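Quick look at final08.txt (compact mmCIF, C-alpha atoms and all ligand atoms):
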```txt
# COMPACT_ATOMS: atom_id res chain seq x y z
CA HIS A 3 46.97 124.89 18.15
CA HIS A 4 49.45 127.42 16.71
CA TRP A 5 52.56 126.47 14.76
CA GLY A 6 55.79 125.69 16.54
CA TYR A 7 58.58 123.11 16.76
CA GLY A 8 56.99 120.31 18.80
CA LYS A 9 55.76 116.81 17.98
CA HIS A 10 52.25 117.89 17.01
CA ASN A 11 52.83 121.35 15.50
CA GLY A 12 56.36 121.25 14.11
CA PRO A 13 57.64 121.81 10.58
CA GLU A 14 56.10 118.60 9.18
CA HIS A 15 52.66 120.06 10.04
CA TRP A 16 53.09 123.61 8.74
CA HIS A 17 51.71 122.88 5.25
CA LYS A 18 48.18 122.42 6.66
CA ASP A 19 47.95 126.12 7.61
CA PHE A 20 50.53 127.44 5.12
CA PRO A 21 50.33 125.55 1.76
CA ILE A 22 53.41 127.46 0.39
CA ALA A 23 55.46 125.15 2.68
CA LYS A 24 55.47 122.66 -0.30
CA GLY A 25 56.34 125.48 -2.73
CA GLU A 26 59.02 125.76 -5.40
CA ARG A 27 61.54 127.97 -3.58
CA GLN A 28 61.43 127.04 0.08
CA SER A 29 64.29 127.41 2.57
CA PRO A 30 66.55 126.20 4.11
CA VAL A 31 68.45 123.91 1.71
CA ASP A 32 71.56 121.79 1.79
CA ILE A 33 74.46 123.56 0.10
CA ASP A 34 76.30 120.99 -2.04
CA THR A 35 79.70 122.66 -2.36
CA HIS A 36 80.72 120.63 -5.39
CA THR A 37 77.68 121.52 -7.52
CA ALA A 38 77.45 125.18 -6.53
CA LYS A 39 78.46 127.30 -9.52
CA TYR A 40 81.18 129.92 -9.24
CA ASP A 41 79.74 133.09 -10.79
CA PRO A 42 82.50 135.63 -11.55
CA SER A 43 79.91 138.34 -12.21
CA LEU A 44 78.83 138.33 -8.55
CA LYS A 45 79.95 141.50 -6.79
CA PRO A 46 81.50 141.66 -3.32
CA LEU A 47 79.06 142.27 -0.50
CA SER A 48 78.84 145.81 0.86
CA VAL A 49 77.89 145.82 4.55
CA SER A 50 77.48 149.32 5.98
CA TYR A 51 76.60 148.92 9.67
CA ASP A 52 78.54 151.81 11.25
CA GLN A 53 75.40 153.86 11.99
CA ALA A 54 73.17 150.96 13.09
CA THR A 55 70.71 151.85 15.88
CA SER A 56 69.48 148.87 17.87
CA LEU A 57 66.32 149.43 19.88
CA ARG A 58 64.95 146.35 21.62
CA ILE A 59 65.31 142.62 22.16
CA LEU A 60 62.15 140.52 22.19
CA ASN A 61 61.19 136.89 22.89
CA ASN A 62 58.45 136.26 20.30
CA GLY A 63 57.85 132.64 21.30
CA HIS A 64 59.95 131.00 18.59
CA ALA A 65 63.26 132.92 18.77
CA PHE A 66 64.57 136.19 20.16
CA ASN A 67 64.83 139.18 17.81
CA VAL A 68 67.14 142.16 18.16
CA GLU A 69 65.29 145.03 16.46
CA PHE A 70 66.77 148.04 14.69
CA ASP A 71 65.55 151.48 13.64
CA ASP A 72 64.78 150.99 9.93
CA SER A 73 63.22 154.42 9.27
CA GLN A 74 66.40 155.68 7.53
CA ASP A 75 69.34 154.19 5.61
CA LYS A 76 71.50 153.64 8.69
CA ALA A 77 72.45 149.95 8.49
CA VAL A 78 72.26 148.73 4.91
CA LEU A 79 73.32 145.82 2.73
CA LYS A 80 74.19 146.34 -0.95
CA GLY A 81 76.23 144.68 -3.64
CA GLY A 82 76.60 140.96 -3.99
CA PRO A 83 73.68 139.58 -5.99
CA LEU A 84 71.40 142.45 -4.98
CA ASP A 85 70.02 145.39 -6.92
CA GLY A 86 69.33 148.35 -4.71
CA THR A 87 69.59 149.03 -1.02
CA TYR A 88 68.31 146.74 1.74
CA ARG A 89 67.75 148.03 5.30
CA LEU A 90 68.52 145.96 8.40
CA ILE A 91 65.35 145.44 10.49
CA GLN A 92 66.23 142.61 12.92
CA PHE A 93 68.48 139.65 13.58
CA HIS A 94 67.73 136.35 15.31
CA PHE A 95 69.20 132.87 15.73
CA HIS A 96 68.17 129.25 15.35
CA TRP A 97 69.87 126.69 17.60
CA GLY A 98 69.81 123.11 18.80
CA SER A 99 69.46 121.10 21.97
CA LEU A 100 72.95 119.66 21.29
CA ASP A 101 76.06 121.15 19.69
CA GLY A 102 75.73 118.80 16.70
CA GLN A 103 72.53 120.40 15.39
CA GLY A 104 70.83 123.76 15.25
CA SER A 105 71.56 125.38 11.93
CA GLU A 106 68.93 125.54 9.20
CA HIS A 107 71.18 125.47 6.18
CA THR A 108 73.68 122.64 5.96
CA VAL A 109 76.95 122.43 4.03
CA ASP A 110 77.53 119.04 2.41
CA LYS A 111 74.98 117.73 4.97
CA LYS A 112 77.09 119.11 7.86
CA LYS A 113 75.00 120.85 10.60
CA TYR A 114 76.35 123.69 12.73
CA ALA A 115 75.42 124.46 16.34
CA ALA A 116 73.38 127.54 15.40
CA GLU A 117 72.63 129.94 12.58
CA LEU A 118 72.38 133.73 12.71
CA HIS A 119 69.96 135.51 10.34
CA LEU A 120 70.33 139.25 9.66
CA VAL A 121 67.08 140.28 7.96
CA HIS A 122 67.00 143.22 5.51
CA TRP A 123 64.26 144.66 3.30
CA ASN A 124 64.35 146.33 -0.11
CA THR A 125 63.85 150.07 0.34
CA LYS A 127 62.04 150.47 -2.96
CA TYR A 128 58.97 148.83 -1.38
CA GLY A 129 58.76 151.39 1.44
CA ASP A 130 58.19 149.11 4.43
CA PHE A 131 58.81 145.55 5.54
CA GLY A 132 55.18 144.46 5.22
CA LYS A 133 55.11 145.43 1.54
CA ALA A 134 58.55 143.97 0.84
CA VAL A 135 57.56 140.47 1.96
CA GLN A 136 54.96 140.31 -0.83
CA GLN A 137 57.64 140.73 -3.53
CA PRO A 138 60.01 138.15 -5.04
CA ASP A 139 62.99 140.46 -4.38
CA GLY A 140 61.70 141.98 -1.15
CA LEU A 141 64.11 140.59 1.47
CA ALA A 142 67.79 139.76 1.73
CA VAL A 143 68.85 137.54 4.63
CA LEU A 144 72.50 137.19 5.58
CA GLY A 145 73.07 133.78 7.16
CA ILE A 146 76.08 133.08 9.36
CA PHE A 147 76.96 129.69 10.87
CA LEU A 148 78.05 129.31 14.50
CA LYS A 149 80.42 126.56 15.60
CA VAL A 150 81.39 125.83 19.20
CA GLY A 151 84.95 126.76 20.11
CA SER A 152 86.43 130.02 21.40
CA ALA A 153 84.07 132.67 22.74
CA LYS A 154 82.83 135.52 20.56
CA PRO A 155 83.22 138.73 22.61
CA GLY A 156 80.77 140.69 20.46
CA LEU A 157 77.98 138.24 21.31
CA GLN A 158 78.26 138.52 25.09
CA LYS A 159 76.04 141.60 25.41
CA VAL A 160 73.25 139.57 23.77
CA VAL A 161 73.86 136.55 26.03
CA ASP A 162 73.79 138.62 29.22
CA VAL A 163 70.31 140.12 28.64
CA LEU A 164 68.57 136.82 27.87
CA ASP A 165 67.61 136.40 31.55
CA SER A 166 65.36 139.45 31.17
CA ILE A 167 63.35 138.03 28.23
CA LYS A 168 63.05 134.38 29.27
CA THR A 169 59.40 133.88 28.34
CA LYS A 170 57.25 134.63 25.29
CA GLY A 171 56.22 138.26 24.85
CA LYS A 172 58.88 139.78 27.10
CA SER A 173 61.00 142.61 25.72
CA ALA A 174 63.86 144.76 26.96
CA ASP A 175 65.54 147.97 25.85
CA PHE A 176 68.66 147.03 23.91
CA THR A 177 70.46 150.11 22.62
CA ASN A 178 73.94 150.72 21.19
CA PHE A 179 74.56 147.13 20.06
CA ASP A 180 76.98 146.97 17.13
CA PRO A 181 76.22 144.06 14.75
CA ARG A 182 79.68 144.35 13.20
CA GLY A 183 80.88 142.27 16.16
CA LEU A 184 79.06 139.23 14.74
CA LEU A 185 80.68 139.10 11.30
CA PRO A 186 83.42 136.68 10.23
CA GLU A 187 86.67 137.85 8.68
CA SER A 188 85.77 136.84 5.11
CA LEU A 189 82.58 137.81 3.27
CA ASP A 190 82.75 135.01 0.67
CA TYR A 191 79.24 133.66 0.17
CA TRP A 192 76.77 131.34 -1.50
CA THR A 193 73.49 132.75 -2.79
CA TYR A 194 70.17 131.31 -3.96
CA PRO A 195 66.49 132.40 -4.13
CA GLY A 196 64.38 131.13 -1.23
CA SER A 197 61.84 131.79 1.48
CA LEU A 198 61.30 132.76 5.08
CA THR A 199 61.99 129.70 7.21
CA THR A 200 59.11 130.39 9.60
CA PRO A 201 55.43 130.92 8.76
CA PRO A 202 54.19 132.57 6.67
CA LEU A 203 57.09 130.99 4.66
CA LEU A 204 56.76 133.60 1.92
CA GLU A 205 59.02 133.21 -1.13
CA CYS A 206 60.55 136.66 -0.96
CA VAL A 207 64.17 136.10 0.15
CA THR A 208 67.49 136.36 -1.62
CA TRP A 209 69.65 134.22 0.66
CA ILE A 210 73.29 135.16 1.22
CA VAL A 211 75.01 132.46 3.28
CA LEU A 212 78.57 133.19 4.39
CA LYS A 213 81.15 130.42 3.95
CA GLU A 214 83.16 131.23 7.11
CA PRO A 215 81.50 130.41 10.45
CA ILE A 216 82.00 132.36 13.64
CA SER A 217 83.07 130.55 16.81
CA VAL A 218 81.12 130.89 20.07
CA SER A 219 81.84 129.18 23.35
CA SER A 220 79.86 126.31 24.83
CA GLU A 221 78.80 128.61 27.69
CA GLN A 222 77.43 131.15 25.23
CA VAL A 223 75.21 128.70 23.35
CA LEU A 224 74.13 127.06 26.63
CA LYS A 225 72.48 130.31 27.66
CA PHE A 226 70.41 130.28 24.43
CA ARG A 227 68.95 126.94 25.59
CA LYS A 228 67.60 128.42 28.84
CA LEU A 229 64.96 130.51 27.04
CA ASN A 230 61.31 129.39 27.00
CA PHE A 231 58.83 128.88 24.16
CA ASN A 232 55.99 129.45 26.66
CA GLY A 233 54.67 132.58 28.31
CA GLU A 234 55.15 133.38 31.98
CA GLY A 235 52.93 131.30 34.24
CA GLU A 236 52.56 128.55 31.63
CA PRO A 237 54.29 125.14 31.83
CA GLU A 238 57.97 125.46 30.96
CA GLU A 239 59.14 124.32 27.54
CA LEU A 240 62.76 125.07 26.71
CA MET A 241 63.40 127.01 23.49
CA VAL A 242 65.63 124.50 21.67
CA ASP A 243 65.68 123.00 18.17
CA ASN A 244 63.85 125.95 16.62
CA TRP A 245 65.18 125.07 13.17
CA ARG A 246 63.41 123.94 10.00
CA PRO A 247 64.93 120.95 8.16
CA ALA A 248 66.35 121.30 4.66
CA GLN A 249 63.86 121.46 1.80
CA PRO A 250 64.21 120.22 -1.80
CA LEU A 251 66.22 122.44 -4.12
CA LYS A 252 63.90 121.75 -7.08
CA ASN A 253 64.76 123.99 -10.13
CA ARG A 254 67.26 126.31 -8.39
CA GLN A 255 71.02 126.70 -8.77
CA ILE A 256 73.23 127.80 -5.81
CA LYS A 257 75.91 130.26 -6.90
CA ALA A 258 79.22 130.94 -5.16
CA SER A 259 81.21 134.18 -5.02
CA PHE A 260 84.47 132.25 -4.67
CA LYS A 261 86.39 129.44 -6.34
ZN ZN A 301 65.68 132.79 10.76
```

Structure translated into structure tokens:
Amino acid sequence: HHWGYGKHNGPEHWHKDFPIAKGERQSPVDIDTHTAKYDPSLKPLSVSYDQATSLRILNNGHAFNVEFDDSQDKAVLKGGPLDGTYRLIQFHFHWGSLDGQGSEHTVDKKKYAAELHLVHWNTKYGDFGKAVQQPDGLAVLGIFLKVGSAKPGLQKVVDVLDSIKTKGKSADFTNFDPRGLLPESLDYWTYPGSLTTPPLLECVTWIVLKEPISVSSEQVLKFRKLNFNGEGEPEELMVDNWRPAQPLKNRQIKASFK
């Protein structure tokens, strides 16, 4: 009876195995744009992805991850609200069964069709497993997807999903450039939060970009053909793998822009 997104093991049940689900800095949250505070001391984001080395794409049974070589400072995030250098380790998405839902964060209660998470870890802790035990261990860049025109930089991801349809399948996935997934503007909101899947650790500085990227209906439709289950098990479509918004409690969301 492992955790998942179904009726009997979904997010409303996670607190029984992971009691930090009712913690003080859980994610995602609703971003109220009128009570976010403009902070003029926030620095612009520095995204340095020109030497990124992708390695593999994997269906882990709740999402698919594109994994990167994080043994050197090749694809790093700096600046913004961060102190120090954060290395890119993987990205993944959350999406819905319908275009009107799928994102984890919401903006004035508005849901997007999907949400991209680029996960980075603080190099001063030496490896990802150590970083997740620290309050400043991870920085996650969150990008909203809306349905409209196609995103050409996403198509290489879409076309290999047939090869990793079921849980535990992986495929070689080299020379993918994550710069093709970024919007034009890097204006952002930021707040302290958590991983949005178990173990739900409160180790994340969230950086949520204001500008969504557009993807086509055909692109998101191919996300919905993946399976939660392993091969040879009954088919359950991988859809609605998003956690609902959690209470903000004693946190303030800051904005880099007026
Ligand atoms: Zn995520």

Around (74.1, 126.2, -3.4) in the file's own coordinates, what residues are found within 10 Å if you use all atoms listed in the file, given back as a list in words?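 The residues that fall inside the cut-off are residues 31, 32, 33, 34, 35, 36, 37, 38, 39, 40, 109, 110, 191, 192, 193, 194, 195, 211, 251, 254, 255, 256, 257 and 258 of chain A.
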
Residues at most 6 Å from region 158-172 of chain A, counting only C-alpha atoms, excluding those fewer than 3 positions away in the same chain, as a list in words? residues 60, 61, 62, 63, 155, 229, 230, 232, 233 and 234 of chain A

Kindly indicate which residue among A:142, A:240, A:84, A:224 lies nearest to ligand ZN 301 (chain A), using only C-alpha atoms and all ligand atoms for the distances.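 Checking each of A:142, A:240, A:84, A:224 against ligand ZN 301 (chain A), counting only C-alpha atoms and all ligand atoms, the winner is A:142.
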
So that I can see what lies close to region 94-100 of chain A, please list as an MDAnalysis selection string the residues with an atom at most 6 Å from it, counting all atoms listed in the file and leaving out residues fewer than 3 positions away in the same chain. chainID A and resid 66:67 103:104 116:119 242:245

Neighbouring residues of residue 252 (chain A) were defined as those with any atom within 8 Å, considering all atoms listed in the file; residues of the same chain fewer than 2 positions away were excluded. Please report them as a PDB file with C-alpha atoms, in the frame of the given file.
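Saved file selection07.pdb follows:
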```
ATOM      1  CA  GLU A  26      59.020 125.760  -5.400  1.00  0.00           C
ATOM      2  CA  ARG A  27      61.540 127.970  -3.580  1.00  0.00           C
ATOM      3  CA  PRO A 250      64.210 120.220  -1.800  1.00  0.00           C
ATOM      4  CA  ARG A 254      67.260 126.310  -8.390  1.00  0.00           C
TER       5      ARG A 254
END
```

Please compute the CA of residue 77 (chain A)-CA of residue 149 (chain A) distance, one decimal, in Å.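 CA of residue 149 (chain A) lies at a distance of 25.7 Å from CA of residue 77 (chain A).
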
How would you write as a list in words the residues that get within 9 Å of (62.6, 133.6, -2.5) in the file's frame, counting only C-alpha atoms? residues 27, 28, 29, 137, 138, 139, 140, 141, 194, 195, 196, 197, 198, 204, 205, 206, 207, 208 and 209 of chain A

Tell me which of A:75, A:106, A:85, A:101 sits closest to residue 129 (chain A), counting only C-alpha atoms.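 The closest residue to residue 129 (chain A) is A:75.
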
Out of A:212, A:202, A:48, A:253, which residue has the shortest atom-to-atom distance to residue 5 (chain A) when counting only C-alpha atoms? A:202

As an exercise, work out the distance from CA of residue 58 (chain A) to CA of residue 82 (chain A) in Å and give it to one decimal place. 28.6 Å

Best match for closeness to ligand ZN 301 (chain A) among A:115, A:248, A:174, A:144, counting only C-alpha atoms and all ligand atoms: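 Among A:115, A:248, A:174, A:144, it is A:144 that comes nearest to ligand ZN 301 (chain A).
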
Residue contacts of region 11-15 of chain A (10 Å, all atoms listed in the file) excluding same-chain residues fewer than 4 positions away, as a list in words: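 So, after excluding close chain neighbours, the residues are residues 3, 4, 5, 6, 7, 19, 20, 23, 199, 200, 201, 244, 245, 246 and 247 of chain A.
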
Atomic separation - CA of residue 73 (chain A) relative to CA of residue 143 (chain A), Å: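 Interatomic distance, CA of residue 143 (chain A) to CA of residue 73 (chain A): 18.4 Å.
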
Using all atoms listed in the file, which residue out of A:21, A:221, A:93, A:238 lies closest to residue 65 (chain A)? A:93

Given only C-alpha atoms as the basis, pick out the residue of A:70, A:147, A:231, A:88 nearest to residue 122 (chain A).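 Looking at the shortest contact to residue 122 (chain A), the residue is A:88.
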
Let me know the centre plus edge lengths, in Å and rounded to one decimal, of a box with edges along x, y and z that contains all listed atoms of region 9-13 of chain A and is padded by 5 Å on every side, as JSON.
```
{"center_x": 54.9, "center_y": 119.3, "center_z": 14.3, "size_x": 15.4, "size_y": 15.0, "size_z": 17.4}
```

For residue 179 (chain A): contacts at 9 Å, all atoms listed in the file, fewer than 5 positions along chain excluded, given as a PyMOL selection string: chain A and resi 54-57+156+159-160

Missing atoms in region 190-206 of chain A need filling: write out N, CA and C atoms for it as a PDB file, keeping the file's coordinate frame.
```pdb
ATOM      1  N   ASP A 190      83.073 135.950   1.739  1.00  0.00           N
ATOM      2  CA  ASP A 190      82.750 135.010   0.670  1.00  0.00           C
ATOM      3  C   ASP A 190      81.417 134.326   0.962  1.00  0.00           C
ATOM      4  N   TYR A 191      80.621 134.076  -0.081  1.00  0.00           N
ATOM      5  CA  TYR A 191      79.240 133.660   0.170  1.00  0.00           C
ATOM      6  C   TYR A 191      78.710 132.730  -0.912  1.00  0.00           C
ATOM      7  N   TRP A 192      77.662 131.996  -0.545  1.00  0.00           N
ATOM      8  CA  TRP A 192      76.770 131.340  -1.500  1.00  0.00           C
ATOM      9  C   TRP A 192      75.466 132.127  -1.560  1.00  0.00           C
ATOM     10  N   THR A 193      74.787 132.073  -2.705  1.00  0.00           N
ATOM     11  CA  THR A 193      73.490 132.750  -2.790  1.00  0.00           C
ATOM     12  C   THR A 193      72.505 131.922  -3.611  1.00  0.00           C
ATOM     13  N   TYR A 194      71.235 131.960  -3.210  1.00  0.00           N
ATOM     14  CA  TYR A 194      70.170 131.310  -3.960  1.00  0.00           C
ATOM     15  C   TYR A 194      68.849 131.985  -3.601  1.00  0.00           C
ATOM     16  N   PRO A 195      67.816 131.842  -4.449  1.00  0.00           N
ATOM     17  CA  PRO A 195      66.490 132.400  -4.130  1.00  0.00           C
ATOM     18  C   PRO A 195      65.677 131.470  -3.241  1.00  0.00           C
ATOM     19  N   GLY A 196      65.100 131.980  -2.163  1.00  0.00           N
ATOM     20  CA  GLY A 196      64.380 131.130  -1.230  1.00  0.00           C
ATOM     21  C   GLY A 196      63.262 131.844  -0.511  1.00  0.00           C
ATOM     22  N   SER A 197      63.040 131.428   0.733  1.00  0.00           N
ATOM     23  CA  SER A 197      61.840 131.790   1.480  1.00  0.00           C
ATOM     24  C   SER A 197      62.206 132.133   2.918  1.00  0.00           C
ATOM     25  N   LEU A 198      61.257 132.761   3.618  1.00  0.00           N
ATOM     26  CA  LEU A 198      61.300 132.760   5.080  1.00  0.00           C
ATOM     27  C   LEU A 198      61.286 131.323   5.578  1.00  0.00           C
ATOM     28  N   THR A 199      61.979 131.064   6.686  1.00  0.00           N
ATOM     29  CA  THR A 199      61.990 129.700   7.210  1.00  0.00           C
ATOM     30  C   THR A 199      61.012 129.492   8.348  1.00  0.00           C
ATOM     31  N   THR A 200      60.253 130.516   8.714  1.00  0.00           N
ATOM     32  CA  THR A 200      59.110 130.390   9.600  1.00  0.00           C
ATOM     33  C   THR A 200      57.853 130.846   8.876  1.00  0.00           C
ATOM     34  N   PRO A 201      56.682 130.370   9.288  1.00  0.00           N
ATOM     35  CA  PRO A 201      55.430 130.920   8.760  1.00  0.00           C
ATOM     36  C   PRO A 201      55.463 132.438   8.830  1.00  0.00           C
ATOM     37  N   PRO A 202      54.972 133.134   7.790  1.00  0.00           N
ATOM     38  CA  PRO A 202      54.190 132.570   6.670  1.00  0.00           C
ATOM     39  C   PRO A 202      54.973 131.958   5.492  1.00  0.00           C
ATOM     40  N   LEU A 203      56.292 131.757   5.622  1.00  0.00           N
ATOM     41  CA  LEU A 203      57.090 130.990   4.660  1.00  0.00           C
ATOM     42  C   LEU A 203      57.071 131.609   3.263  1.00  0.00           C
ATOM     43  N   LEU A 204      56.909 132.928   3.199  1.00  0.00           N
ATOM     44  CA  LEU A 204      56.760 133.600   1.920  1.00  0.00           C
ATOM     45  C   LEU A 204      58.049 133.533   1.091  1.00  0.00           C
ATOM     46  N   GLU A 205      57.886 133.430  -0.229  1.00  0.00           N
ATOM     47  CA  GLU A 205      59.020 133.210  -1.130  1.00  0.00           C
ATOM     48  C   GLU A 205      59.530 134.548  -1.658  1.00  0.00           C
ATOM     49  N   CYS A 206      60.163 135.277  -0.738  1.00  0.00           N
ATOM     50  CA  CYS A 206      60.550 136.660  -0.960  1.00  0.00           C
ATOM     51  C   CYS A 206      62.004 136.947  -0.647  1.00  0.00           C
TER      52      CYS A 206
END
```
